[PDB]
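Below is one structure, written out as structure tokens; the observations come after it.
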Amino acid sequence: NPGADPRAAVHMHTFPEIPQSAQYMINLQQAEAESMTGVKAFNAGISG
Amino acid sequence: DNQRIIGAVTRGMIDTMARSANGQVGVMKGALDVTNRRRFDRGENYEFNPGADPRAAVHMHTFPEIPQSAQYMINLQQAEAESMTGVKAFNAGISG
Amino acid sequence: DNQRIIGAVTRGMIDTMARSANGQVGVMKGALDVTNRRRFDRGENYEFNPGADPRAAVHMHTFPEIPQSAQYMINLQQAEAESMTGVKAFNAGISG
Amino acid sequence: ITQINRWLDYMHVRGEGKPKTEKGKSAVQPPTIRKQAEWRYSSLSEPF
Amino acid sequence: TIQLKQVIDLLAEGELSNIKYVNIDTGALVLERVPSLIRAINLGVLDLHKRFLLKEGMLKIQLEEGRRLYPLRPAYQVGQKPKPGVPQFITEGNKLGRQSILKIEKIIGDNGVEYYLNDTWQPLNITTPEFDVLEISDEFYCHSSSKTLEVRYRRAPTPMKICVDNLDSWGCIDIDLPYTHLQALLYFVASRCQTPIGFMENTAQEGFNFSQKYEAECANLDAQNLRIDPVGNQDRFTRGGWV
Amino acid sequence: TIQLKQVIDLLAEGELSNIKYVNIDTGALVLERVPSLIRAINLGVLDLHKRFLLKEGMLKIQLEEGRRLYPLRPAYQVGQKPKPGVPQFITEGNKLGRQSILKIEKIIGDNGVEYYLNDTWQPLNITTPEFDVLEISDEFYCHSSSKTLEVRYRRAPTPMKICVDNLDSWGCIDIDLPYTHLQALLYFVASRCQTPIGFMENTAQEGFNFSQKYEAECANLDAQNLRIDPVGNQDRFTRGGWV
Amino acid sequence: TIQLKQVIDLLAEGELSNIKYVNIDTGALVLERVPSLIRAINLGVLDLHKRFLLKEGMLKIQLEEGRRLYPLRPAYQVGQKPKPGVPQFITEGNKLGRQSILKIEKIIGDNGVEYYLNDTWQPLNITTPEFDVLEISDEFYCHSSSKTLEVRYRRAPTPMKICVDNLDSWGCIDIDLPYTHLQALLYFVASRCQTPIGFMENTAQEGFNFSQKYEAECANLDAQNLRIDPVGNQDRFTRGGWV
Amino acid sequence: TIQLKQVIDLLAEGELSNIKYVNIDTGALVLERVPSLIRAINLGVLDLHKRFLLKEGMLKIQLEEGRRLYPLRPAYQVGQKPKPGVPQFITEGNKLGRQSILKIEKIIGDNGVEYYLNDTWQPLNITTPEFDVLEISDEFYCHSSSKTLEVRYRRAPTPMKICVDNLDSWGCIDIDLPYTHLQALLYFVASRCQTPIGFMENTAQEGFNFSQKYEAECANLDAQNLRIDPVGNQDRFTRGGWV
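Order-wise, the sequence lines are chains A, B, C, D, E, F, G and H. First residue of the first sequence: 437, per the entry's author numbering; consecutive thereafter. First residue of the second sequence: 389, per the entry's author numbering; consecutive thereafter. First residue of the third sequence: 389, per the entry's author numbering; consecutive thereafter. First residue of the fourth sequence: 50, per the entry's author numbering; consecutive thereafter. First residue of the fifth sequence: 2, per the entry's author numbering; consecutive thereafter. First residue of the sixth sequence: 2, per the entry's author numbering; consecutive thereafter. First residue of the seventh sequence: 2, per the entry's author numbering; consecutive thereafter. First residue of the eighth sequence: 2, per the entry's author numbering; consecutive thereafter.
Shown next as structure tokens:
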């Protein structure tokens with residue numbers, strides 16, 4: 437029907453957006469643990 | 389002093405992320421009738437009343453945004469401590 | 389003079405970050421009824437009255453933003469002190 | 050003796066080194082003095 | 002959820018005082034148009050039950066293999082009048098009246114499963130062809146494993162029957178509403194009654210004003226959230242995989 | 002939270018002075034329409050209790066295994082009239098009246114746990130089918146470990162009963178309100194009484210003006226925050242993991 | 002914070018000169034409707050105390066283990082009338098009247114600690130169920146270590162009692178207000194008294210105009226900041242850690 | 002800061018010429034409603050002192066250990082009437098009247114320190130519970146080291162007392178204002194006096210017009226900056242560290 441263009445009339449929900457802070461917090465915690473122990477474990481990424 | 393400041397900043401960031409409302413979903417009243425509300429909860433397709441597009445009618449809370457100053461302050465304190473002692477400890481990052 | 393100035397600037401930044409309202413959450417009056425307020429506090433899904441979208445109705449205070457001038461001033465003072473004495477001390481950063 | 054006790058109560062977070070926090074807020078405290086000492090013990094003891 | 006009819010009429014005196022319904026011009030006292038007043042009040046109650054839930058009901062249907070249409074009418078309900086041509090299969094639930102089913106909402110089997118309503122192409126779909134009838138396909142019988150059903154629906158109360166001998170008291174009648182929606186019902190009735198009277202400039206707008214106030218009050222009740230409102234919290238974590 | 006009816010009527014003289022309710026044209030003195038005035042004031046008080054909390058109550062239900070519906074009505078409450086057909090299971094709390102339960106808010110067990118209300122699919126959900134009845138499923142009995150319940154709800158006061166012999170004093174009656182909402186109640190009553198009178202240009206708008214002032218006063222009370230308002234501060238740190 | 006009633010009435014002559022309240026048409030001199038004037042002025046004072054703080058009070062409650070509800074009413078206060086059925090536990094503070102508690106604000110124990118008010122899930126929370134009652138849970142007694150409490154609250158003055166013999170002077174009575182809010186009170190009273198009089202085009206708007214001026218004056222007082230206003234400066238540096 | 006009342010009345014003749022206050026219809030000469038005119042002018046002066054500072058005062062309180070409340074009333078001030086029940090501790094400063102303290106602003110000890118006013122949680126905080134009373138906590142006595150206090154506050158002048166024998170001259174009375182605010186005071190008084198008179202289209206708006214002109218004049222005085230205005234320039238460089 438007129439007055440309702442599909443791009444607003446229909447909507448397909450998707451996953452929400454993760455904010456840029458959780459990534460930073462995880463990286464900070466992992467780096468702190470690695471510094472404390474002293475073994476880098478070649479981790480937090482590809483084992484290589 | 390450096391230990392105290394770093395502890396305080398870290399506790400502040402934890403509090404900000406934890407006391408938030410992450411995980412909860414809020415829906416505008418009057419956007420969905422009872423049957424459509426039940427369908428939406430069940431997880432199938434649904435229909436919404438005109439004048440309330442879903443992108444504004446529904447909202448899914450997430451973690452807030454950490455400002456760019458806490459990072460700088462922690463880096464400053466750690467660098468000062470390293471300079472004072474004289475041992476770099478191969479730290480503040482990957483031990484390697 | 390350099391020691392005094394650096395101390396003053398650092399104290400100012402600490403005060404700005406500490407006397408703030410980080411951690412508290414404020415809610416507009418009349419956006420949530422009693423039952424929905426209780427649900428929101430409990431941590432489950434809820435409903436809000438029309439005309440008050442959550443992204444403006446609720447607010448979670450965080451640390452303020454440090455202006456780009458304090459960093460410059462500290463760097464200037466430290467560089468001046470290093471030039472005066474003549475020892476770089478491998479400092480103002482990682483000792484390495 | 051009291052001075053040294055105060056110093057020690059910070060590398061191990063105990064006594065007056067433990068921050069007092071309200072109920073309902075975090076109480077984490079990253080060690081840094083211990084972090085520093087761990088990276089100096091071995092480099093000092095090795096040459097013997 | 003009840004109110005004495007007496008209190009309602011005494012209060013409606015305070016807003017129908019202008020007109021014939023309730024007042025002799027001298028010594029203003031209630032007339033005997035109480036039948037018409039009751040007939041209006043019942044309509045008001047029905048409208049309020051339309052706008053807000055305020056109620057919900059339950060049935061229990063005993064299935065019969067090979068049946069296609071199950072109507073929900075007060076001739077098939079246990080304890081009602083057993084019309085010979087019909088088998089009484091509704092064996093439990095609130096007594097059914099002429100206006101009781103505003104909308105069917107949930108269908109739950111004996112196993113705890115939850116079937117689908119008017120959701121086409123879903124596995125076991127149940128269709129309502131006439132708003133008060135359940136159409137059950139044969140595939141349901143093929144894969145049912147359920148000998149009975151439980152139905153929930155939005156209700157409206159059954160008005161009490163007034164009688165010419167009951168004109169004695171009329172004060173033992175009990176309207177079925179919470180008091181909040183009483184305050185709203187007053188405006189509804191006043192608007193409906195005052196609409197068709199008056200020829201002066203300011204006296205020709207009372208019906209319109211009362212309609213406006215009625216809408217405002219309904220909005221206020223919605224804002225205060227003085228009605229039932231389920232809110233869904235699925236699990237999503239026990240299906241096996243989301244953890 | 003009380004006020005003498007005397008003061009209320011003396012003040013309402015200052016705003017109902019135009020009309021029949023309170024004044025002989027000569028030597029303006031209160032008439033004997035006090036019954037109608039009281040019937041209006043009670044409605045006003047109920048409306049104010051709708052708009053703001055101002056009160057809350059408590060009950061204590063003693064459970065009985067195998068029961069499905071628990072109605073909260075003044076026939077089941079201890080100290081009330083013991084109707085033989087009902088067992089009196091409400092054993093403690095504020096005396097129940099016809100209009101006392103505006104909304105159930107919290108349900109707390111004997112162990113300190115907090116159950117869920119109208120939150121579908123939650124672990125131990127309690128459903129209200131008719132706004133004054135608790136529907137308790139069998140799974141609750143399966144995993145309850147609680148022999149009693151405590152209920153909290155939004156209250157409205159029970160109006161005092163006037164009597165034809167009590168027409169002597171009428172000044173010992175005590176309205177149940179704080180004084181702020183008294184100032185608001187004045188406007189409410191004035192609007193309701195003044196609406197259906199007057200045929201001149203400026204005298205046909207007094208009811209509307211008083212309604213406007215009533216709304217403005219309610220907004221001002223909301224702004225000044227002269228009502229109860231809980232604000233939640235969960236822990237979130239003792240679940241084990243957020244620290 | 003006092004003013005003689007004499008000055009008030011003499012000034013209100015200058016704005017009530019149009020009407021019956023104060024003037025014979027010949028030789029304008031104050032009538033004897035002074036009772037009604039006083040009853041209006043008291044309401045005005047209460048309204049102003051609602052809008053601005055202007056006052057605050059103090060009590061001191063002596064706790065009693067195992068008690069659940071502590072009402073703050075003038076029968077429990079030392080020096081008041083000792084009703085036998087109640088123990089007088091309010092042992093110190095401003096004399097309590099019918100309208101004295103507008104809102105409870107602070108609760109301070111004997112140790113200098115500061116408890117929480119209506120902050121759910123906080124460690125030691127104190128709840129007000131009925132706006133003038135303190136509900137104290139048992140966990141408070143479990144971890145209290147405090148034998149008494151100190152309460153602060155927003156006050157409103159207790160009006161002086163006029164008497165038929167006191168009609169002689171009426172000039173020794175003292176309103177409790179600063180002079181600024183006197184200038185505002187004049188407009189309030191004038192609006193209230195002038196509202197229900199007049200039938201000409203420009204004479205039917207005086208009440209509305211005075212209401213507008215009253216609001217404007219309240220805004221001006223807020224702008225000039227002629228009321229009490231605490232502003233908080235926490236330490237945040239002595240908890241141990243923020244330095 | 003003085004003006005002869007004579008000049009004021011002669012000028013107000015030029016704007017009250019329409020009405021009863023000042024004119025016989027024949028041979029327009031001032032009547033003897035001068036008492037009412039004075040009572041209006043005093044209110045005008047008070048309002049102007051509210052809007053602009055124009056004045057400030059000083060006291061000197063001699064402390065007494067263990068005291069909690071120090072009221073500032075003209076019964077405790079040296080040189081006033083020594084009521085036996087009170088000790089006269091205000092030993093120096095401007096003579097206190099009924100309306101002298103509009104607001105307390107600064108508190109300075111004998112050592113030159115500056116204490117805090119209504120700033121909660123500050124080291125040595127002083128609280129005003131009733132706008133004319135100083136509440137001094139015991140911690141102040143614990144760490145005071147000051148035997149006296151100096152208080153500054155916003156003043157308003159004390160009006161001169163007119164008398165029935167003084168009706169002879171009435172021209173030796175001196176209003177306490179600068180001449181600028183005289184020009185403003187004229188409009189204030191004219192508006193107040195002209196408000197309640199007139200029934201013609203253009204004559205029913207004179208009060209409103211004069212109010213508008215009064216506001217405009219106040220704004221113009223603010224713009225021209227003809228009142229006292231301190232402006233703060235702290236040091237910030239002698240604390241030790243900012244240099």
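Note that CB positions come from ideal geometry on N, CA and C, so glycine has one too.
Does any CB atom of chain C fall closer than 9 angstroms to the CB of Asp-236(E)? Mapped onto the fifth sequence, residue 236(E) falls at position 235. Output row for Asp-236(E): interface = no.
message: Can you check whether the C-beta of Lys-107(E) is within less than 9 angstroms of a C-beta belonging to chain B?
response: Stepping through the fifth sequence from its first residue, residue 107(E) is reached at position 106. At a cut-off of 9 angstroms, the C-beta of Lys-107(E) has a neighbouring C-beta in chain B.
Neighbour list for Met-448(C) in chain B, Cβ cutoff strictly below 9 angstroms: As a first step, residue 448(C) is located in the third sequence; it is residue number 60 there, counting from the start. Neighbours of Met-448(C) on chain B, chain order: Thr-404, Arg-407, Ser-408, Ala-409 and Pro-452.
Determine which residues of the stretch 211 to 225 of chain E have a Cβ less than 7 angstroms from any Cβ of chain C, and write them out in chain order.
So the close ones are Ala-224 and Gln-225.
Check: Which residues of chain G have a Cβ atom closer than 9 angstroms to the Cβ of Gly-439(B), listed in chain order?
Finding: Translated into positions along the second sequence, residue 439(B) becomes position 51. Neighbours of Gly-439(B) on chain G: none; closest Cβ ~35 angstroms, over 9 angstroms.
### Task
Would you mind telling me which residues of chain G sit closer than 9 angstroms to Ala-396(B), beta carbon to beta carbon, in chain order?
Looking up residue 396(B) in the second sequence gives position 8. Correct list: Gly-242, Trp-243 and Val-244.
Proximity of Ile-127(F) and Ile-39(F) at Cβ, strictly below 9 angstroms: Walking along the sixth sequence from the start, residue 127(F) turns up at place 126. Walking along the sixth sequence from the start, residue 39(F) turns up at place 38. In this structure, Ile-39(F) does not lie closer than 9 angstroms to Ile-127(F) by Cβ.
>> 9 angstroms is my cut-off, CB to CB: does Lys-84(D) come that close to chain A?
In response: One-based indexing of the fourth sequence puts residue 84(D) at position 35. For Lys-84(D), the answer is yes, since a Cβ of chain A falls inside 9 angstroms of its Cβ.
_Exposure label - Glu-140(F); buried when at least 16 CB within 10 Å_ = By 1-based counting over the sixth sequence, the position of residue 140(F) is 139. It counts as exposed.
*Would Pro-88(E) pass as a contact of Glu-65(E) if the rule is Cβ separation under 9 angstroms?*
Residue 88(E) sits at position 87 when you count from the first residue of the fifth sequence. Residue 65(E) sits at position 64 when you count from the first residue of the fifth sequence. For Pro-88(E) and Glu-65(E), yes; Cβs fall inside 9 angstroms.
Beta-carbon separation of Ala-458(C) and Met-401(C) under 9 angstroms? Position 70 of the third sequence holds residue 458(C). Position 13 of the third sequence holds residue 401(C). Yes. Within cutoff.
Applying a beta-carbon distance threshold of less than 8 angstroms, which residues of chain H neighbour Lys-6(G)? Walking along the seventh sequence from the start, residue 6(G) turns up at place 5. Those do not exist, as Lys-6(G) stays about 14 angstroms from chain H at its closest Cβ, beyond 8 angstroms.
- Please report the residue range of the alpha helix (DSSP H) in which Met-461(B) lies. Within the second sequence, numbered from 1, the residue matching residue 461(B) stands at position 73. That run of the alpha helix (DSSP H) goes 456 to 473.
Neighbourhood of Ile-462(B) by C-beta distance below 7 angstroms, restricted to the same chain and skipping five residues each side: Your numbering for residue 462(B) matches position 74 in the second sequence. Excluding residues within five positions, the ones whose Cβ falls inside 7 angstroms are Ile-394 and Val-397.
- Residues of chain E with a CB under 8 angstroms from the CB of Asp-421(C): which are they? Within the third sequence, the letter at position 33 stands for residue 421(C). Those within 8 angstroms of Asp-421(C) in chain E are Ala-224, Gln-225 and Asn-226.
Of the residues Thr-239(H), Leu-222(H) and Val-152(H), which one's Cα is nearest the Cα of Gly-58(H)? Position 57 of the eighth sequence, counting from 1, holds the residue named residue 58(H). Nearest of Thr-239(H), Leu-222(H) and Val-152(H) to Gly-58(H), Cα basis: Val-152(H).
In its own chain, which residues sit with a C-beta less than 6 angstroms from the C-beta of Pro-160(H), not counting the 5 before and 5 after it? As a first step, residue 160(H) must be located in the eighth sequence, where it is residue number 159. Closer than 6 angstroms at Cβ, skipping near neighbours: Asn-43.
Query raised in the report: Residues of chain E with CB under 9 angstroms from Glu-432(B), in chain order?
Result: As a first step, residue 432(B) must be located in the second sequence, where it is residue number 44. Those are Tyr-117, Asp-120 and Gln-123, listed as they occur along chain E.
By Cβ distance, which residues of its chain are closer than 7 angstroms to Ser-18(F), with the 5 residues on each side in sequence left out?
-> On the sixth sequence, residue 18(F) is found 17 positions in, with the first residue counted as 1. Excluding sequence neighbours, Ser-18(F) sits near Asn-24 and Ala-29.
Check your understanding: Can you list the beta strand (DSSP E) stretches of 3 or more residues lying completely in the stretch 140 to 218 of chain F, in chain order?
Key -> 149 to 155 and 175 to 177
ask   = Thinking just about the alpha-carbon of each residue, which of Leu-187(H), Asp-111(H), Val-165(H) and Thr-92(H) is nearest to the one in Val-79(H)?
value = Looking up residue 79(H) in the eighth sequence gives position 78. With distances taken between Cα atoms, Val-79(H) lies closest to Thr-92(H).
### Task
Identify, in the order they occur along the chain, each residue of the same chain with its Cβ nearer than 8 angstroms to the Cβ of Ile-20(E), setting aside the five sequence neighbours on each side.
As a position in the fifth sequence, residue 20(E) is number 19, starting the count at 1. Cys-194, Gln-195 and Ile-198.
* Does any residue of chain E bring its CB to less than 9 angstroms from the CB of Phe-436(B)? -> To locate residue 436(B), count along the second sequence from 1; it is residue 48. Output row for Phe-436(B): interface = no.
Test item: CB-CB of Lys-56(H) and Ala-185(H) under 9 angstroms
Your numbering for residue 56(H) matches position 55 in the eighth sequence. Your numbering for residue 185(H) matches position 184 in the eighth sequence. In this structure, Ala-185(H) does not lie closer than 9 angstroms to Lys-56(H) by Cβ.
3 or more residues per run - each beta strand (DSSP E) lying fully within the stretch 52 to 78 of chain F:
70 to 72
**Asked** Is the shortest distance between the beta-carbon of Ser-457(B) and the beta-carbons of chain A less than 9 angstroms?
**Response** Within the second sequence, numbered from 1, the residue matching residue 457(B) stands at position 69. Interface with chain A (9 angstroms Cβ-Cβ cutoff): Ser-457(B) is excluded.
Requested in this report: Can you say whether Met-448(A) is buried or exposed, counting buried as having 16 or more other CB atoms within 10 angstroms of its CB?
Outcome: Residue numbering aside, residue 448(A) sits at position 12 when the first sequence is read from its first letter. Answer is exposed; the Cβ neighbour count stays below 16.
### Query
Quick one: is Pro-197(G) near chain F, going by C-beta distance under 9 angstroms?
The count along the seventh sequence starts at 1 and reaches residue 197(G) at position 196. Output row for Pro-197(G): interface = yes.
- Item | Near-chain E residues of the stretch 26 to 53 of chain F - C-beta to any C-beta below 8 angstroms | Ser-37, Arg-40, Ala-41, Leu-44, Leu-47, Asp-48, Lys-51 and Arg-52
Nearest-angstrom Cα separation, counted from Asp-230(E) out to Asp-48(E):
Your numbering for residue 48(E) matches position 47 in the fifth sequence. Your numbering for residue 230(E) matches position 229 in the fifth sequence. Taking the straight line from one Cα to the other gives about 18 angstroms.
Query raised in the report: Can you name the residues of chain B whose CB is closer than 8 angstroms to the CB of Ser-483(A)?
Result: Your numbering for residue 483(A) matches position 47 in the first sequence. None at all; the shortest Cβ gap to chain B is about 14 angstroms.
* Asked: Is DSSP giving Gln-235(E) helix, strand or coil here?
  -> For this step, residue 235(E) is matched to residue 234 along the fifth sequence. Note: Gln-235(E) maps to coil in three-state DSSP.
Among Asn-112(F), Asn-119(F), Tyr-71(F) and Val-31(F), the one whose alpha carbon lies nearest that of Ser-146(F): For this step, residue 146(F) is matched to residue 145 along the sixth sequence. For the residues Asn-112(F), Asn-119(F), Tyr-71(F) and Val-31(F), the minimum Cα distance to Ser-146(F) belongs to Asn-112(F).
Does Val-232(E) have its Cβ less than 9 angstroms from a Cβ in chain C?
Counting from one through the fifth sequence, the residue named residue 232(E) turns up at place 231. So, interface residue.
request  = Out of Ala-467(B), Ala-480(B) and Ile-454(B), point me to the one whose CA is closest to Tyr-460(A)'s CA.
outcome  = On the first sequence, position 24 is the one that residue 460(A) refers to. Of the listed residues, the one whose Cα sits closest to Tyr-460(A) is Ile-454(B).
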